[PDB]
>>> print(open('model29.cif').read())   # mmCIF, C-alpha atoms and all ligand atoms
data_target
#
loop_
_atom_site.label_atom_id
_atom_site.label_comp_id
_atom_site.auth_asym_id
_atom_site.auth_seq_id
_atom_site.Cartn_x
_atom_site.Cartn_y
_atom_site.Cartn_z
CA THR A 700 13.97 11.49 -12.13
CA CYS A 701 13.47 9.33 -8.99
CA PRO A 702 11.72 11.02 -6.02
CA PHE A 703 13.25 11.13 -2.50
CA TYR A 704 10.61 8.96 -0.82
CA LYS A 705 11.72 6.03 -3.12
CA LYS A 706 15.33 6.12 -2.04
CA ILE A 707 16.78 4.32 1.01
CA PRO A 708 19.63 6.53 2.40
CA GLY A 709 22.93 4.90 3.13
CA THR A 710 22.41 2.08 0.67
CA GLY A 711 22.49 1.44 -3.02
CA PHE A 712 18.74 0.58 -2.83
CA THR A 713 15.48 1.87 -4.31
CA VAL A 714 11.89 0.71 -3.76
CA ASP A 715 9.22 0.59 -6.55
CA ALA A 716 11.42 2.78 -8.85
CA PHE A 717 11.46 1.22 -12.38
CA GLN A 718 10.01 4.19 -14.42
CA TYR A 719 12.97 6.55 -14.15
CA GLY A 720 15.61 4.71 -16.27
CA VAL A 721 18.97 3.85 -14.69
CA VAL A 722 18.90 5.36 -11.16
CA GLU A 723 22.36 6.78 -10.26
CA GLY A 724 24.03 4.65 -7.63
CA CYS A 725 21.32 1.96 -7.55
CA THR A 726 22.82 -1.53 -7.14
CA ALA A 727 19.52 -3.34 -6.17
CA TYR A 728 15.91 -2.48 -7.10
CA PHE A 729 13.28 -3.79 -4.68
CA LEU A 730 9.70 -4.42 -5.88
CA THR A 731 7.07 -4.60 -3.02
CA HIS A 732 4.23 -6.06 -5.16
CA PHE A 733 2.92 -6.71 -8.68
CA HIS A 734 0.59 -3.66 -9.13
CA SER A 735 1.18 -1.50 -12.31
CA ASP A 736 1.78 1.90 -10.58
CA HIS A 737 4.66 0.19 -8.69
CA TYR A 738 6.22 -2.03 -11.41
CA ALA A 739 5.90 0.73 -14.16
CA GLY A 740 8.99 0.28 -16.38
CA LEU A 741 10.06 -3.41 -15.96
CA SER A 742 10.31 -5.76 -19.09
CA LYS A 743 12.45 -8.57 -20.73
CA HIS A 744 15.17 -5.96 -21.41
CA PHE A 745 15.79 -5.11 -17.71
CA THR A 746 19.36 -6.08 -16.72
CA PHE A 747 19.70 -4.98 -12.97
CA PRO A 748 19.05 -7.20 -9.85
CA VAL A 749 15.38 -7.18 -8.74
CA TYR A 750 14.60 -8.24 -5.19
CA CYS A 751 11.08 -9.45 -4.28
CA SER A 752 8.88 -12.22 -3.00
CA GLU A 753 8.61 -15.69 -4.73
CA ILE A 754 5.10 -14.86 -5.98
CA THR A 755 6.17 -11.45 -7.38
CA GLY A 756 9.13 -13.22 -9.05
CA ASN A 757 6.74 -15.80 -10.76
CA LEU A 758 4.72 -12.86 -12.16
CA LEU A 759 7.84 -10.90 -13.36
CA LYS A 760 9.08 -14.01 -15.25
CA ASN A 761 5.73 -15.20 -16.79
CA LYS A 762 3.75 -11.98 -17.31
CA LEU A 763 6.51 -9.35 -18.00
CA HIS A 764 9.24 -11.90 -19.26
CA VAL A 765 12.05 -10.58 -17.10
CA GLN A 766 14.98 -12.95 -17.47
CA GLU A 767 15.58 -15.50 -14.70
CA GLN A 768 19.17 -14.33 -14.07
CA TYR A 769 17.93 -10.92 -12.80
CA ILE A 770 15.11 -12.24 -10.50
CA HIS A 771 16.13 -12.57 -6.81
CA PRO A 772 13.25 -14.07 -4.73
CA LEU A 773 13.59 -13.94 -0.90
CA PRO A 774 11.67 -15.98 1.66
CA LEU A 775 9.54 -14.15 4.19
CA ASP A 776 10.29 -13.73 7.92
CA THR A 777 14.04 -14.51 7.35
CA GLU A 778 17.12 -12.32 7.87
CA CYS A 779 18.90 -12.03 4.45
CA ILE A 780 22.10 -10.12 3.46
CA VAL A 781 21.81 -8.13 0.23
CA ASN A 782 24.88 -6.25 -1.04
CA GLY A 783 26.23 -6.22 2.54
CA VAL A 784 23.02 -5.00 4.25
CA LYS A 785 20.62 -7.08 6.40
CA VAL A 786 16.97 -7.02 5.16
CA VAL A 787 13.74 -8.86 6.09
CA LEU A 788 10.55 -9.25 3.99
CA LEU A 789 7.22 -9.32 5.87
CA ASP A 790 3.68 -10.11 4.64
CA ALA A 791 1.89 -6.80 3.86
CA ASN A 792 -1.72 -8.17 3.96
CA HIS A 793 -2.32 -6.51 0.50
CA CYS A 794 -2.46 -8.70 -2.69
CA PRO A 795 -0.69 -12.00 -3.26
CA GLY A 796 3.08 -11.71 -3.01
CA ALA A 797 2.96 -8.16 -1.42
CA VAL A 798 5.66 -7.38 1.16
CA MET A 799 6.92 -4.75 3.62
CA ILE A 800 10.75 -4.43 3.76
CA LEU A 801 12.81 -3.95 6.99
CA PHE A 802 16.29 -2.49 6.29
CA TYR A 803 19.03 -2.63 9.01
CA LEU A 804 21.36 0.20 7.86
CA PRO A 805 25.15 0.00 8.34
CA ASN A 806 25.02 3.05 10.77
CA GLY A 807 22.46 1.40 13.23
CA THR A 808 19.27 3.07 11.84
CA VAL A 809 16.30 0.68 11.16
CA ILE A 810 13.84 1.61 8.34
CA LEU A 811 10.42 -0.06 7.60
CA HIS A 812 8.92 0.48 4.09
CA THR A 813 5.28 -0.74 4.18
CA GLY A 814 4.79 -0.83 0.41
CA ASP A 815 1.00 -1.05 0.04
CA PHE A 816 -0.51 -2.69 3.22
CA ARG A 817 -3.65 -3.35 5.20
CA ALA A 818 -2.50 -2.96 8.84
CA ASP A 819 -3.50 -5.73 11.22
CA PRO A 820 -2.93 -6.48 14.97
CA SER A 821 -1.18 -9.72 13.90
CA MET A 822 1.72 -7.53 12.65
CA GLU A 823 2.40 -6.59 16.32
CA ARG A 824 3.69 -10.28 16.66
CA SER A 825 5.90 -10.44 13.61
CA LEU A 826 9.73 -9.75 13.68
CA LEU A 827 8.68 -6.07 14.22
CA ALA A 828 8.14 -6.84 17.97
CA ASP A 829 11.92 -7.20 18.60
CA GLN A 830 13.34 -3.69 17.97
CA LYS A 831 12.98 -0.02 17.30
CA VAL A 832 12.23 1.72 13.90
CA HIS A 833 13.72 5.15 13.21
CA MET A 834 11.96 5.81 9.84
CA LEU A 835 8.54 4.52 8.54
CA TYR A 836 7.76 4.93 4.85
CA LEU A 837 3.96 4.57 5.11
CA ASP A 838 1.04 3.66 2.77
CA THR A 839 -1.21 6.63 3.55
CA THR A 840 -3.94 5.87 0.93
CA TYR A 841 -6.78 6.27 3.46
CA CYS A 842 -5.16 8.61 6.05
CA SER A 843 -8.31 10.62 7.02
CA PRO A 844 -11.08 9.70 9.53
CA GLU A 845 -13.85 9.66 6.90
CA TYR A 846 -12.31 6.53 5.41
CA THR A 847 -14.26 3.76 7.04
CA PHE A 848 -15.13 0.26 5.66
CA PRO A 849 -15.89 -3.19 7.11
CA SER A 850 -13.54 -6.18 7.73
CA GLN A 851 -12.79 -8.34 4.66
CA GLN A 852 -14.55 -11.28 6.50
CA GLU A 853 -17.86 -9.24 6.78
CA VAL A 854 -17.68 -8.28 3.13
CA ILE A 855 -17.13 -11.93 2.08
CA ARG A 856 -20.04 -13.05 4.33
CA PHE A 857 -22.34 -10.56 2.51
CA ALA A 858 -21.18 -11.71 -0.95
CA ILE A 859 -21.51 -15.53 -0.26
CA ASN A 860 -25.02 -15.11 1.32
CA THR A 861 -26.17 -12.82 -1.53
CA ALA A 862 -24.95 -15.18 -4.28
CA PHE A 863 -26.21 -18.45 -2.58
CA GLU A 864 -29.68 -16.91 -2.05
CA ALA A 865 -29.99 -15.73 -5.67
CA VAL A 866 -28.89 -18.94 -7.37
CA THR A 867 -30.99 -21.13 -4.97
CA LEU A 868 -34.07 -19.07 -5.95
CA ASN A 869 -33.07 -19.18 -9.64
CA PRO A 870 -30.75 -22.09 -10.75
CA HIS A 871 -30.54 -20.39 -14.14
CA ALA A 872 -28.72 -17.25 -12.80
CA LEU A 873 -25.04 -16.58 -13.70
CA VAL A 874 -22.71 -14.82 -11.28
CA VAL A 875 -20.10 -12.39 -12.70
CA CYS A 876 -17.13 -10.78 -10.73
CA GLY A 877 -15.02 -7.84 -12.05
CA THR A 878 -11.18 -7.77 -11.89
CA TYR A 879 -8.35 -5.46 -13.23
CA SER A 880 -5.26 -6.46 -11.24
CA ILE A 881 -4.20 -9.16 -8.81
CA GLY A 882 -5.71 -8.93 -5.35
CA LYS A 883 -9.21 -9.57 -3.92
CA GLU A 884 -9.28 -13.20 -5.24
CA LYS A 885 -11.22 -14.28 -2.06
CA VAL A 886 -14.36 -12.50 -3.52
CA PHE A 887 -14.73 -14.87 -6.53
CA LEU A 888 -13.14 -17.94 -4.80
CA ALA A 889 -15.58 -17.81 -1.85
CA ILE A 890 -18.69 -17.32 -4.10
CA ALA A 891 -17.64 -20.25 -6.41
CA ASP A 892 -16.96 -22.49 -3.35
CA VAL A 893 -20.51 -21.92 -1.91
CA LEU A 894 -22.07 -22.63 -5.37
CA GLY A 895 -20.05 -25.81 -6.07
CA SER A 896 -18.53 -24.36 -9.18
CA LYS A 897 -15.07 -23.63 -10.62
CA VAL A 898 -14.41 -20.05 -11.63
CA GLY A 899 -14.29 -19.43 -15.41
CA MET A 900 -12.02 -16.83 -17.03
CA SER A 901 -9.84 -15.83 -20.01
CA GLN A 902 -6.55 -17.55 -20.76
CA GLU A 903 -4.65 -14.36 -19.75
CA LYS A 904 -6.31 -14.23 -16.29
CA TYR A 905 -5.87 -17.98 -15.80
CA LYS A 906 -2.13 -17.49 -16.47
CA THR A 907 -1.89 -14.79 -13.82
CA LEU A 908 -3.68 -16.93 -11.17
CA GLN A 909 -1.39 -19.83 -11.89
CA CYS A 910 1.60 -17.68 -10.67
CA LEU A 911 0.10 -17.09 -7.17
CA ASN A 912 0.90 -20.30 -5.14
CA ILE A 913 -2.75 -20.71 -4.08
CA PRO A 914 -3.24 -24.23 -2.66
CA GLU A 915 -5.30 -26.63 -4.77
CA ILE A 916 -5.76 -23.92 -7.49
CA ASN A 917 -6.27 -26.54 -10.25
CA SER A 918 -9.38 -27.66 -8.32
CA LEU A 919 -10.76 -24.03 -8.23
CA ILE A 920 -10.41 -22.33 -11.69
CA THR A 921 -10.82 -23.07 -15.38
CA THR A 922 -10.73 -21.65 -18.91
CA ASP A 923 -13.87 -23.60 -19.91
CA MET A 924 -16.48 -20.91 -19.45
CA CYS A 925 -19.45 -23.17 -20.28
CA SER A 926 -18.76 -25.60 -17.40
CA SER A 927 -18.71 -22.73 -14.81
CA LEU A 928 -21.50 -20.58 -13.24
CA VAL A 929 -19.10 -18.00 -11.77
CA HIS A 930 -17.35 -15.98 -14.50
CA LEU A 931 -14.59 -13.33 -14.27
CA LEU A 932 -14.58 -10.33 -16.55
CA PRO A 933 -12.47 -7.24 -16.83
CA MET A 934 -13.77 -4.48 -14.48
CA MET A 935 -14.63 -2.18 -17.41
CA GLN A 936 -17.21 -4.65 -18.64
CA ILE A 937 -19.11 -4.54 -15.28
CA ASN A 938 -21.99 -2.30 -16.52
CA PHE A 939 -25.46 -2.99 -18.00
CA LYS A 940 -24.15 -2.91 -21.64
CA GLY A 941 -21.16 -5.17 -21.06
CA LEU A 942 -23.19 -7.66 -19.06
CA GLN A 943 -26.05 -7.78 -21.66
CA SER A 944 -23.45 -8.50 -24.27
CA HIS A 945 -21.87 -11.25 -22.13
CA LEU A 946 -25.32 -12.97 -21.49
CA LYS A 947 -25.89 -13.26 -25.27
CA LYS A 948 -22.66 -15.32 -25.57
CA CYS A 949 -23.74 -18.01 -23.09
CA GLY A 950 -26.19 -19.58 -25.60
CA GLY A 951 -29.47 -19.38 -23.59
CA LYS A 952 -27.97 -21.25 -20.63
CA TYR A 953 -28.78 -18.33 -18.31
CA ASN A 954 -31.66 -15.85 -17.91
CA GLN A 955 -30.29 -13.61 -15.15
CA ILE A 956 -26.88 -12.07 -14.09
CA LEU A 957 -25.89 -11.12 -10.62
CA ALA A 958 -22.55 -9.13 -10.73
CA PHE A 959 -20.05 -7.90 -8.15
CA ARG A 960 -17.67 -4.84 -8.50
CA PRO A 961 -15.17 -4.90 -5.74
CA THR A 962 -14.15 -1.27 -5.24
CA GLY A 963 -12.07 0.42 -2.59
CA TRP A 964 -13.86 2.99 -0.40
CA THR A 965 -16.75 4.96 -1.94
CA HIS A 966 -18.68 7.83 -0.20
CA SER A 967 -21.78 5.61 0.12
CA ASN A 968 -19.73 4.10 3.08
CA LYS A 969 -20.44 7.40 4.92
CA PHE A 970 -24.16 6.48 5.19
CA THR A 971 -24.78 2.75 4.49
CA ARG A 972 -23.88 -0.36 6.56
CA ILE A 973 -22.67 -3.44 4.63
CA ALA A 974 -25.86 -5.32 5.63
CA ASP A 975 -28.05 -2.56 4.07
CA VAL A 976 -26.24 -2.49 0.65
CA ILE A 977 -28.52 -2.67 -2.40
CA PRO A 978 -27.69 -3.17 -6.09
CA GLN A 979 -28.31 -1.27 -9.32
CA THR A 980 -30.83 -3.18 -11.44
CA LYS A 981 -31.92 -3.02 -15.11
CA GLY A 982 -34.24 -5.87 -16.13
CA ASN A 983 -32.69 -9.32 -15.50
CA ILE A 984 -29.24 -7.69 -14.48
CA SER A 985 -28.21 -6.60 -10.99
CA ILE A 986 -24.81 -5.04 -9.98
CA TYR A 987 -23.46 -4.79 -6.41
CA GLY A 988 -20.59 -2.49 -5.47
CA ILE A 989 -18.85 -4.05 -2.46
CA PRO A 990 -16.17 -2.20 -0.33
CA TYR A 991 -13.48 -4.91 -0.23
CA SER A 992 -10.27 -3.01 0.76
CA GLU A 993 -6.67 -4.17 0.61
CA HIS A 994 -5.50 -0.90 2.26
CA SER A 995 -5.61 0.14 5.93
CA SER A 996 -8.68 2.02 7.22
CA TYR A 997 -7.86 5.22 9.11
CA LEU A 998 -8.37 3.43 12.45
CA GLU A 999 -6.22 0.38 11.46
CA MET A 1000 -3.39 2.72 10.33
CA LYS A 1001 -3.50 4.80 13.49
CA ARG A 1002 -3.36 1.67 15.66
CA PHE A 1003 -0.31 0.31 13.86
CA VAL A 1004 1.63 3.55 13.92
CA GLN A 1005 0.82 4.25 17.66
CA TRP A 1006 2.11 0.69 18.42
CA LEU A 1007 5.29 0.97 16.31
CA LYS A 1008 6.19 4.48 17.62
CA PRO A 1009 8.47 5.51 14.76
CA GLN A 1010 10.74 8.50 15.14
CA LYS A 1011 9.89 9.90 11.71
CA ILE A 1012 7.11 9.16 9.13
CA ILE A 1013 7.47 9.61 5.34
CA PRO A 1014 4.14 9.18 3.46
CA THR A 1015 4.21 7.37 0.12
CA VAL A 1016 0.56 8.14 -1.06
CA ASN A 1017 -1.33 11.42 -1.44
CA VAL A 1018 1.97 13.36 -1.61
CA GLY A 1019 1.17 15.61 -4.59
CA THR A 1020 -0.81 18.48 -2.94
CA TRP A 1021 0.06 20.85 -0.12
CA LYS A 1022 -3.36 20.33 1.44
CA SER A 1023 -2.89 16.46 1.50
CA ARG A 1024 0.61 16.77 3.00
CA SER A 1025 -0.54 19.21 5.70
CA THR A 1026 -3.61 17.12 6.65
CA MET A 1027 -1.40 13.95 7.03
CA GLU A 1028 1.23 15.82 9.15
CA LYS A 1029 -1.56 17.01 11.53
CA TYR A 1030 -2.81 13.50 12.14
CA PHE A 1031 0.75 12.17 12.74
CA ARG A 1032 1.19 14.84 15.44
CA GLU A 1033 -2.15 14.02 17.13
CA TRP A 1034 -1.26 10.35 17.19
CA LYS A 1035 2.18 11.07 18.72
CA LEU A 1036 0.69 13.48 21.44
CA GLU A 1037 -2.10 11.06 22.31
CA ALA A 1038 0.19 8.02 22.73
CA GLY A 1039 3.20 9.90 24.26
CA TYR A 1040 6.13 9.01 21.90
NI NI B 1101 -1.11 -1.99 -4.56
#
>>> encode(input="model29.cif", output="structure tokens", more="lines below")
Ligand code: NI
Amino acid sequence: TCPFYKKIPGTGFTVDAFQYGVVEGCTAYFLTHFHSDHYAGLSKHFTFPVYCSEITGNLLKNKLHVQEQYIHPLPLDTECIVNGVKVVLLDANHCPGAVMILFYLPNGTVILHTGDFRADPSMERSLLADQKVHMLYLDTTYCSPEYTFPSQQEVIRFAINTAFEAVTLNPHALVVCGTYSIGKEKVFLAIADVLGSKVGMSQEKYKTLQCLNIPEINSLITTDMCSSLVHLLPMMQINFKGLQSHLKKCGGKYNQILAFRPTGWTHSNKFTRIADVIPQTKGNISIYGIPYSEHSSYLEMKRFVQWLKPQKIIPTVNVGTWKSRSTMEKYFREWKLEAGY
């Protein structure tokens, strides 16, 4: 049964609710992004209208085989009427195709559902500038002040400079990057661009990247592993065993691996600056964990919410414990007292 924080009152709509069977009264199912916790339940047998971005619709059709007749892509930044209700999709600054949804309810209430997002000051100059929001359904993944991490641009700078130095010292080194979902493609694209290489990967991952509308993608990726000195592997293989095993397969072309594991936040962020990050090393294999986040930091979240000044906040992450819910409610009240709304 579908939880309350996935229903949009006064409409026939749900958000990210495909794992509960036929939801009573639902006439349109929105999907914010193509991450498995959010799409859980969709397949070729789904027969209700799905509303989403163009990129999410390419992935639903090619990766999950949802039939074309049930996929309803909407452009971004454009007022659209769905089942008699005005909606807008906005870029969420999460993974490719990820959106926030603005719903203009028939009674005059305005609701923003962030989906998963990484808040940014640029959002203060979207269509959100124009009007008031009564209810915010908020991605609270990192809603506590201990959650700190650098800008995506600083993280990419560290990865490019690390990879370029290593391969210039040793032209026989291979670079490997872990993946387990869409998102964070800049990590492997930026490293391959500095090295003058295409990125090599499995047929299944190539298929997924081909759905993402990335400009000039045919110039950037390939399924021919041997031609490439940046390889992608599933995240579970990014360990000394899995990497040893991979180096055997390359036929004595390489004598060293440098590997990257993009994570979210880890507690080593509490002590160590990005500049000062060091790898784990066994023999000719080194592994870097790098804190490349596609969710808001605490500070980014607080800035967004203090700017938007919503009347009510409904968290969508960390909702399962009383301690999490109480902690989040305290910070919402500080933010409101500090800013005066
Ligand atoms: Ni996500």
>>> residues_near_ligand(input="model29.cif", ligand="ligand NI 1101 (chain B)", cutoff="7 Å", atoms="all atoms listed in the file", output="JSON list (two decimals) with C-alpha atoms, in the coordinates of the input")
[["chain", "number", "residue", "atom", "x", "y", "z"],
["A", 732, "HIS", "CA", 4.23, -6.06, -5.16],
["A", 734, "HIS", "CA", 0.59, -3.66, -9.13],
["A", 793, "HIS", "CA", -2.32, -6.51, 0.50],
["A", 815, "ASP", "CA", 1.00, -1.05, 0.04]]
>>> atom_distance(input="model29.cif", atom1="atom CA of residue A:708", atom2="atom CA of residue A:832")
14.5 Å
>>> closest_atom_pairs(input="model29.cif", of="stretch 777-836 of chain A", to="stretch 1011-1019 of chain A", cutoff="12 Å", atoms="all atoms listed in the file", output="tab-separated table")
residue	atom	partner	partner_atom	distance
A:808	CA	A:1011	CA	11.6
A:809	CA	A:1011	CA	11.2
A:810	CA	A:1011	CA	9.8
A:811	CA	A:1012	CA	9.9
A:812	CA	A:1015	CA	9.2
A:813	CA	A:1015	CA	9.1
A:814	CA	A:1015	CA	8.2
A:815	CA	A:1015	CA	9.0
A:816	CA	A:1015	CA	11.5
A:831	CA	A:1011	CA	11.8
A:832	CA	A:1011	CA	8.8
A:833	CA	A:1011	CA	6.3
A:834	CA	A:1011	CA	5.0
A:835	CA	A:1012	CA	4.9
A:836	CA	A:1013	CA	4.7
>>> residues_around(input="model29.cif", residues="residue A:742", least_positions_apart="4", cutoff="10 Å", atoms="all atoms listed in the file", output="list in words")
residues 717, 738, 746, 759, 760, 762, 763, 764, 765 and 766 of chain A
>>> write_last_selection(input="model29.cif", atoms="C-alpha atoms", output="PDB file, in the coordinates of the input")
ATOM      1  CA  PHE A 717      11.460   1.220 -12.380  1.00  0.00           C
ATOM      2  CA  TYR A 738       6.220  -2.030 -11.410  1.00  0.00           C
ATOM      3  CA  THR A 746      19.360  -6.080 -16.720  1.00  0.00           C
ATOM      4  CA  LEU A 759       7.840 -10.900 -13.360  1.00  0.00           C
ATOM      5  CA  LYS A 760       9.080 -14.010 -15.250  1.00  0.00           C
ATOM      6  CA  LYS A 762       3.750 -11.980 -17.310  1.00  0.00           C
ATOM      7  CA  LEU A 763       6.510  -9.350 -18.000  1.00  0.00           C
ATOM      8  CA  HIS A 764       9.240 -11.900 -19.260  1.00  0.00           C
ATOM      9  CA  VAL A 765      12.050 -10.580 -17.100  1.00  0.00           C
ATOM     10  CA  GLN A 766      14.980 -12.950 -17.470  1.00  0.00           C
TER      11      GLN A 766
END
>>> closest_residue(input="model29.cif", among="A:926, A:850, A:1010, A:896", to="residue A:989", atoms="only C-alpha atoms")
A:850
>>> atom_distance(input="model29.cif", atom1="atom CA of residue A:898", atom2="atom CA of residue A:929")
5.1 Å
>>> closest_residue(input="model29.cif", among="A:783, A:914, A:961, A:951", to="residue A:873", atoms="all atoms listed in the file")
A:951
>>> atom_distance(input="model29.cif", atom1="atom CA of residue A:863", atom2="atom CA of residue A:890")
7.8 Å
>>> residues_around(input="model29.cif", residues="residue A:895", least_positions_apart="6", cutoff="10 Å", atoms="all atoms listed in the file", output="ChimeraX atom specification")
/A:919,927-929
>>> residues_around(input="model29.cif", residues="stretch 1000-1008 of chain A", least_positions_apart="5", cutoff="7 Å", atoms="only C-alpha atoms", output="VMD selection string")
chain A and resid 818 995 1034 1038 1040
>>> closest_residue(input="model29.cif", among="A:931, A:739, A:716, A:949", to="residue A:872", atoms="all atoms listed in the file")
A:949
>>> closest_residue(input="model29.cif", among="A:875, A:934, A:957, A:998", to="residue A:983", atoms="all atoms listed in the file")
A:957
>>> residues_around(input="model29.cif", residues="residue A:943", least_positions_apart="2", cutoff="12 Å", atoms="only C-alpha atoms", output="NGL selection string")
:A and (873 or 875 or 936-941 or 945-949 or 953-958 or 981-985)
>>> closest_residue(input="model29.cif", among="A:823, A:892, A:845, A:778", to="residue A:970", atoms="all atoms listed in the file")
A:845
>>> residues_around(input="model29.cif", residues="residue A:710", least_positions_apart="5", cutoff="10 Å", atoms="only C-alpha atoms", output="PyMOL selection string")
chain A and resi 724-727+782-784+802+804-805
